[PDB]
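Shown below: work09.pdb, with PDB, C-alpha atoms.
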```
ATOM      1  CA  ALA A   1     -59.121  35.026 103.311
ATOM      2  CA  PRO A   2     -56.214  35.518 100.871
ATOM      3  CA  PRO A   3     -56.707  38.459  98.488
ATOM      4  CA  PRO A   4     -58.979  38.214  95.465
ATOM      5  CA  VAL A   5     -57.501  37.859  91.959
ATOM      6  CA  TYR A   6     -58.161  41.070  89.957
ATOM      7  CA  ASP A   7     -58.874  41.474  86.242
ATOM      8  CA  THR A   8     -57.224  44.073  83.961
ATOM      9  CA  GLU A   9     -60.004  46.610  84.896
ATOM     10  CA  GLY A  10     -59.311  46.074  88.605
ATOM     11  CA  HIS A  11     -62.464  44.158  89.397
ATOM     12  CA  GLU A  12     -62.365  40.948  91.432
ATOM     13  CA  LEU A  13     -62.457  37.772  89.372
ATOM     14  CA  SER A  14     -65.698  35.907  89.647
ATOM     15  CA  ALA A  15     -66.596  32.293  89.027
ATOM     16  CA  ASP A  16     -69.418  33.810  86.895
ATOM     17  CA  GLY A  17     -67.119  35.674  84.440
ATOM     18  CA  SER A  18     -64.860  34.513  81.559
ATOM     19  CA  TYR A  19     -61.376  35.892  81.143
ATOM     20  CA  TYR A  20     -58.800  35.928  78.425
ATOM     21  CA  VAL A  21     -55.416  34.899  79.845
ATOM     22  CA  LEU A  22     -52.949  37.350  78.345
ATOM     23  CA  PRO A  23     -49.298  38.098  79.001
ATOM     24  CA  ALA A  24     -48.726  40.887  81.523
ATOM     25  CA  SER A  25     -46.396  42.717  79.092
ATOM     26  CA  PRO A  26     -45.995  43.180  75.308
ATOM     27  CA  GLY A  27     -43.575  40.976  73.364
ATOM     28  CA  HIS A  28     -44.533  37.793  75.153
ATOM     29  CA  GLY A  29     -46.942  36.236  72.619
ATOM     30  CA  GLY A  30     -50.730  36.017  72.746
ATOM     31  CA  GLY A  31     -53.502  34.484  74.882
ATOM     32  CA  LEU A  32     -54.156  30.833  75.775
ATOM     33  CA  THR A  33     -55.956  28.433  73.444
ATOM     34  CA  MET A  34     -56.706  24.708  73.022
ATOM     35  CA  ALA A  35     -54.985  22.848  70.198
ATOM     36  CA  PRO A  36     -54.277  19.225  69.226
ATOM     37  CA  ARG A  37     -50.761  17.788  69.741
ATOM     38  CA  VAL A  38     -50.436  14.940  67.356
ATOM     39  CA  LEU A  39     -53.643  13.202  67.877
ATOM     40  CA  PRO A  40     -56.664  15.435  67.163
ATOM     41  CA  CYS A  41     -58.028  14.694  70.672
ATOM     42  CA  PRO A  42     -57.569  15.541  73.523
ATOM     43  CA  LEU A  43     -56.803  19.223  73.059
ATOM     44  CA  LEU A  44     -53.879  20.601  75.071
ATOM     45  CA  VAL A  45     -53.452  24.120  76.425
ATOM     46  CA  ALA A  46     -51.279  26.185  74.056
ATOM     47  CA  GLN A  47     -50.227  29.805  74.010
ATOM     48  CA  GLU A  48     -50.935  31.702  70.800
ATOM     49  CA  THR A  49     -47.592  32.655  69.236
ATOM     50  CA  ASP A  50     -49.283  35.709  67.647
ATOM     51  CA  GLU A  51     -49.558  38.595  70.169
ATOM     52  CA  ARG A  52     -52.750  39.870  68.501
ATOM     53  CA  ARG A  53     -54.610  36.616  69.182
ATOM     54  CA  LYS A  54     -56.416  36.598  72.592
ATOM     55  CA  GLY A  55     -57.220  32.874  72.370
ATOM     56  CA  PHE A  56     -60.189  31.526  74.291
ATOM     57  CA  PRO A  57     -61.415  32.861  77.627
ATOM     58  CA  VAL A  58     -61.365  30.670  80.757
ATOM     59  CA  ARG A  59     -63.779  30.169  83.628
ATOM     60  CA  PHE A  60     -62.574  29.578  87.204
ATOM     61  CA  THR A  61     -64.515  27.364  89.632
ATOM     62  CA  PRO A  62     -63.674  27.305  93.341
ATOM     63  CA  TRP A  63     -62.605  23.840  94.494
ATOM     64  CA  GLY A  64     -65.660  21.842  95.622
ATOM     65  CA  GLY A  65     -67.930  23.087  92.865
ATOM     66  CA  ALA A  66     -71.553  23.666  93.896
ATOM     67  CA  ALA A  67     -70.527  22.498  97.361
ATOM     68  CA  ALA A  68     -67.851  25.209  97.692
ATOM     69  CA  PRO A  69     -68.793  28.197  99.969
ATOM     70  CA  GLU A  70     -71.310  30.774  98.532
ATOM     71  CA  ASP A  71     -68.539  33.431  98.166
ATOM     72  CA  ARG A  72     -67.358  32.433  94.713
ATOM     73  CA  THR A  73     -64.796  35.296  94.452
ATOM     74  CA  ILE A  74     -61.644  33.827  92.946
ATOM     75  CA  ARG A  75     -58.723  34.300  95.343
ATOM     76  CA  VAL A  76     -54.954  33.803  95.211
ATOM     77  CA  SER A  77     -53.280  30.685  96.690
ATOM     78  CA  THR A  78     -56.615  28.799  96.709
ATOM     79  CA  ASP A  79     -57.449  25.544  94.863
ATOM     80  CA  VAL A  80     -59.545  26.210  91.724
ATOM     81  CA  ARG A  81     -60.559  24.316  88.623
ATOM     82  CA  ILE A  82     -60.039  26.033  85.233
ATOM     83  CA  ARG A  83     -61.789  25.417  81.941
ATOM     84  CA  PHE A  84     -62.092  27.075  78.549
ATOM     85  CA  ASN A  85     -65.467  28.819  78.028
ATOM     86  CA  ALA A  86     -65.738  27.629  74.448
ATOM     87  CA  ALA A  87     -67.298  24.968  72.278
ATOM     88  CA  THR A  88     -64.879  22.172  71.500
ATOM     89  CA  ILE A  89     -64.205  20.088  68.374
ATOM     90  CA  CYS A  90     -63.440  17.068  70.597
ATOM     91  CA  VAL A  91     -66.790  16.702  72.391
ATOM     92  CA  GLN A  92     -64.872  16.370  75.640
ATOM     93  CA  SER A  93     -64.527  18.390  78.821
ATOM     94  CA  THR A  94     -62.631  21.687  78.349
ATOM     95  CA  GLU A  95     -61.415  21.457  81.956
ATOM     96  CA  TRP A  96     -57.654  21.630  82.434
ATOM     97  CA  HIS A  97     -55.629  18.918  84.169
ATOM     98  CA  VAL A  98     -52.048  17.657  84.452
ATOM     99  CA  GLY A  99     -51.105  13.948  84.458
ATOM    100  CA  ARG A 107     -45.601  18.193  82.021
ATOM    101  CA  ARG A 108     -48.280  19.565  79.639
ATOM    102  CA  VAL A 109     -51.712  20.896  80.563
ATOM    103  CA  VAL A 110     -54.407  18.831  78.824
ATOM    104  CA  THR A 111     -58.192  18.894  78.561
ATOM    105  CA  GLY A 112     -60.740  16.071  78.279
ATOM    106  CA  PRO A 113     -61.230  13.014  80.506
ATOM    107  CA  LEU A 114     -58.839  11.973  83.310
ATOM    108  CA  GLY A 121     -56.498  12.761  92.687
ATOM    109  CA  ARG A 122     -56.179  16.525  92.275
ATOM    110  CA  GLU A 123     -55.078  16.337  88.579
ATOM    111  CA  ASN A 124     -57.376  19.308  87.896
ATOM    112  CA  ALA A 125     -56.305  21.466  90.864
ATOM    113  CA  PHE A 126     -54.638  24.796  90.090
ATOM    114  CA  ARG A 127     -53.995  28.064  91.916
ATOM    115  CA  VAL A 128     -53.309  31.621  90.890
ATOM    116  CA  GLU A 129     -50.498  33.500  92.640
ATOM    117  CA  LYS A 130     -49.556  37.159  92.419
ATOM    118  CA  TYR A 131     -46.245  37.298  90.580
ATOM    119  CA  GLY A 132     -44.196  39.979  88.799
ATOM    120  CA  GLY A 133     -46.422  42.391  86.912
ATOM    121  CA  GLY A 134     -49.438  40.080  87.111
ATOM    122  CA  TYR A 135     -50.116  36.499  88.162
ATOM    123  CA  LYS A 136     -48.701  33.063  87.548
ATOM    124  CA  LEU A 137     -50.798  29.898  87.224
ATOM    125  CA  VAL A 138     -49.720  26.878  89.193
ATOM    126  CA  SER A 139     -50.576  23.176  88.985
ATOM    127  CA  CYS A 140     -51.092  21.851  92.559
ATOM    128  CA  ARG A 141     -51.712  18.121  92.015
ATOM    129  CA  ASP A 142     -49.190  17.328  94.759
ATOM    130  CA  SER A 143     -46.816  20.231  95.406
ATOM    131  CA  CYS A 144     -47.363  23.534  93.575
ATOM    132  CA  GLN A 145     -45.540  23.686  90.278
ATOM    133  CA  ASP A 146     -45.452  26.922  88.208
ATOM    134  CA  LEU A 147     -46.816  26.753  84.686
ATOM    135  CA  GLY A 148     -44.645  28.154  81.910
ATOM    136  CA  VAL A 149     -44.627  27.997  78.110
ATOM    137  CA  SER A 150     -42.369  25.826  75.913
ATOM    138  CA  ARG A 151     -42.086  26.320  72.184
ATOM    139  CA  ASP A 152     -42.362  22.943  70.422
ATOM    140  CA  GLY A 153     -42.088  23.381  66.655
ATOM    141  CA  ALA A 154     -45.135  25.267  65.380
ATOM    142  CA  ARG A 155     -46.784  25.395  68.769
ATOM    143  CA  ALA A 156     -46.097  26.768  72.255
ATOM    144  CA  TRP A 157     -47.452  24.589  75.111
ATOM    145  CA  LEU A 158     -48.394  25.394  78.678
ATOM    146  CA  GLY A 159     -46.791  22.989  81.139
ATOM    147  CA  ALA A 160     -44.905  22.628  84.418
ATOM    148  CA  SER A 161     -41.718  24.628  83.694
ATOM    149  CA  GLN A 162     -39.429  27.567  84.497
ATOM    150  CA  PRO A 163     -39.742  30.445  84.147
ATOM    151  CA  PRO A 164     -43.469  30.930  84.967
ATOM    152  CA  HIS A 165     -45.615  32.531  82.265
ATOM    153  CA  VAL A 166     -46.799  35.877  83.783
ATOM    154  CA  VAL A 167     -50.418  36.696  82.921
ATOM    155  CA  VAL A 168     -53.339  39.118  83.481
ATOM    156  CA  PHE A 169     -57.048  38.329  83.098
ATOM    157  CA  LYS A 170     -59.022  40.418  80.634
ATOM    158  CA  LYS A 171     -62.768  39.991  81.245
ATOM    159  CA  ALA A 172     -64.602  38.877  78.091
TER
END
```
Let's see the structure in the file written out as C-alpha cells.
Amino acid sequence: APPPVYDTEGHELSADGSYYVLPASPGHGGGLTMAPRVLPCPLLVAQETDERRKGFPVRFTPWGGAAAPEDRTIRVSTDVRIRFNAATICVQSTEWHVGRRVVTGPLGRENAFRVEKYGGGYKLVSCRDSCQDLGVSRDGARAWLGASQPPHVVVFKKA
C-alpha cells in the first residue's frame, strides 16, 4: 500500500483521530475552519488568517465508509472523505465536497479527496474527476480553500 500519512508527532493518521490542519511553516496563516460566505448556510472551508488560530480539527474516513477494509490507517494518494469534527450552526453535514471552493452540507465523487506528500508536509487534493490541488485565496475578510495554485502545504496536529 502507499505510505501512511503522519501527524506532527510522527504517528500514522487514523480514521479514529481528529487533526488540526495547520501550515507546514510559520508565516502562512492559521488552521482550517468553517465559515459562511454570504448566505449563513452552507458553511465553506476557510483558512484562519490569524496564525495563532488552529481552527477546527478534521476527521478522515477511508473511501467506502464502514465497507472500506478494516485497516483504517489514512494513506497518501488514496480516496478519503474529510469532515470537521465539530458541532455546526447550520445543522448540516460537516463533510467537505467540491461542486472552485470547498463547501460543507448537502450535495459522483464530489466528496472525494486525497492527501499527497508535498514540500515540507502534505497537500490536500480534490479528486472528483482528475486530482486538483487545493490552495487558499484571500477574498476580502476571508481566505477560502479551493482548487487553485499554489497548493496550501499543511501538517496534521492530533487534537
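Candidate residues A:156, A:15, A:35, A:149 were compared for distance to residue 61 of chain A, and the nearest is A:15, using only C-alpha atoms.
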Quiz item: Nearest to residue 72 of chain A: which of A:171, A:151, A:60, A:9 is it, counting all atoms listed in the file?
Solution: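 Closest to residue 72 of chain A, using all atoms listed in the file: A:60.
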Practice problem: Step by step, work through what the PyMOL selection byres ((chain A and resi 31) around 10) selects in the shown file, and finish by giving those residues as a list in words. | Solution: residues 20, 21, 22, 23, 28, 29, 30, 32, 33, 46, 47, 48, 49, 50, 51, 52, 53, 54, 55, 56, 57, 167, 168, 169 and 170 of chain A
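Once the PyMOL selection byres ((chain A and resi 165) around 8) is applied to the depicted file, the selected set reads residues 23, 136, 137, 147, 148, 149, 163, 164, 166 and 167 of chain A.
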Quiz item: Using all atoms listed in the file, which residue out of A:161, A:153, A:129, A:88 lies closest to residue 38 of chain A?
Solution: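 For residue 38 of chain A, the nearest of the given residues is A:153.
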Quiz item: Taking the file as shown, what set of residues would the PyMOL selection byres ((chain A and resi 62) around 7) give back, as a list in words?
Solution: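 Listing what the PyMOL selection byres ((chain A and resi 62) around 7) selects in the shown file: residues 60, 61, 63, 64, 65, 68, 72, 74, 79, 80 and 81 of chain A.
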Practice problem: Kindly indicate which residue among A:19, A:126, A:84, A:6 lies nearest to residue 160 of chain A, using all atoms listed in the file for the distances. | Solution: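 Of the candidates, the smallest distance to residue 160 of chain A is held by A:126.
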Quiz item: Looking at all atoms listed in the file, which of A:111, A:25, A:8, A:14 is the one that sits closest to residue 132 of chain A?
Solution: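 Distance minimum relative to residue 132 of chain A lands on A:25.
One distance worth recording is that between atom CA of residue 39 of chain A and atom CA of residue 82 of chain A, which is 22.5 Å.
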Using only the atoms of segment 33-52 of chain A listed in the file, plus 6 Å on each side, state the axis-aligned box centre and edge lengths in Å rounded to one decimal, as lines of an AutoDock Vina configuration file.
```
center_x = -52.8
center_y = 26.5
center_z = 71.8
size_x = 22.4
size_y = 38.7
size_z = 21.3
```
Practice problem: Find, counting all atoms listed in the file, the residue in A:146, A:98, A:27, A:172 that gets nearest to residue 86 of chain A. | Solution: A:172
Quiz item: What is the distance, in Å and to one decimal place, between atom CA of residue 59 of chain A and atom CA of residue 43 of chain A?
Solution: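 One can read the atom CA of residue 59 of chain A to atom CA of residue 43 of chain A distance as 16.7 Å.
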Which protein, DNA or RNA residues are at most 9 Å from (-56.7, 17.2, 94.6) in the file's coordinates when you count only C-alpha atoms, listed as a compact mmCIF listing (two decimals) with C-alpha atoms, in the coordinates of the input?
```txt
# COMPACT_ATOMS: atom_id res chain seq x y z
CA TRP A 63 -62.60 23.84 94.49
CA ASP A 79 -57.45 25.54 94.86
CA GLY A 121 -56.50 12.76 92.69
CA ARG A 122 -56.18 16.52 92.28
CA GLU A 123 -55.08 16.34 88.58
CA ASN A 124 -57.38 19.31 87.90
CA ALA A 125 -56.30 21.47 90.86
CA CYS A 140 -51.09 21.85 92.56
CA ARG A 141 -51.71 18.12 92.02
CA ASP A 142 -49.19 17.33 94.76
```
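Coordinates place atom CA of residue 139 of chain A at a distance of 15.2 Å from atom CA of residue 75 of chain A.
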Fix up segment 97-125 of chain A with N, CA and C atoms, then write it as a CSV table (one decimal), in the coordinates of the input.
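Written out: out-v7.csv:
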```
chain,number,residue,atom,x,y,z
A,97,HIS,N,-56.3,19.7,83.1
A,97,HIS,CA,-55.6,18.9,84.2
A,97,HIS,C,-54.2,18.6,83.8
A,98,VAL,N,-53.4,18.1,84.7
A,98,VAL,CA,-52.0,17.7,84.5
A,98,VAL,C,-52.0,16.2,84.8
A,99,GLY,N,-51.2,15.4,84.1
A,99,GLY,CA,-51.1,13.9,84.5
A,99,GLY,C,-50.3,13.7,85.7
A,107,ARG,N,-46.1,17.4,83.1
A,107,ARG,CA,-45.6,18.2,82.0
A,107,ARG,C,-46.7,19.1,81.5
A,108,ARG,N,-47.3,18.7,80.3
A,108,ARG,CA,-48.3,19.6,79.6
A,108,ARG,C,-49.7,19.6,80.3
A,109,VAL,N,-50.3,20.8,80.1
A,109,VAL,CA,-51.7,20.9,80.6
A,109,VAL,C,-52.7,20.4,79.5
A,110,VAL,N,-53.5,19.5,79.8
A,110,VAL,CA,-54.4,18.8,78.8
A,110,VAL,C,-55.9,19.0,79.2
A,111,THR,N,-56.8,18.9,78.3
A,111,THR,CA,-58.2,18.9,78.6
A,111,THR,C,-58.8,17.5,78.4
A,112,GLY,N,-60.1,17.4,78.5
A,112,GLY,CA,-60.7,16.1,78.3
A,112,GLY,C,-60.7,15.2,79.5
A,113,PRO,N,-61.0,13.9,79.3
A,113,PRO,CA,-61.2,13.0,80.5
A,113,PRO,C,-59.9,12.7,81.2
A,114,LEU,N,-60.0,12.4,82.6
A,114,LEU,CA,-58.8,12.0,83.3
A,114,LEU,C,-58.5,10.6,82.9
A,121,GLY,N,-55.5,11.7,92.7
A,121,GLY,CA,-56.5,12.8,92.7
A,121,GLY,C,-55.9,14.1,92.4
A,122,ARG,N,-56.7,15.2,92.5
A,122,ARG,CA,-56.2,16.5,92.3
A,122,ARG,C,-55.5,16.9,90.9
A,123,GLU,N,-55.7,16.1,89.9
A,123,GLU,CA,-55.1,16.3,88.6
A,123,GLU,C,-55.5,17.7,88.0
A,124,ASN,N,-56.7,18.1,88.4
A,124,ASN,CA,-57.4,19.3,87.9
A,124,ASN,C,-57.3,20.5,88.9
A,125,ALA,N,-56.4,20.4,89.9
A,125,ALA,CA,-56.3,21.5,90.9
A,125,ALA,C,-55.2,22.4,90.5
```
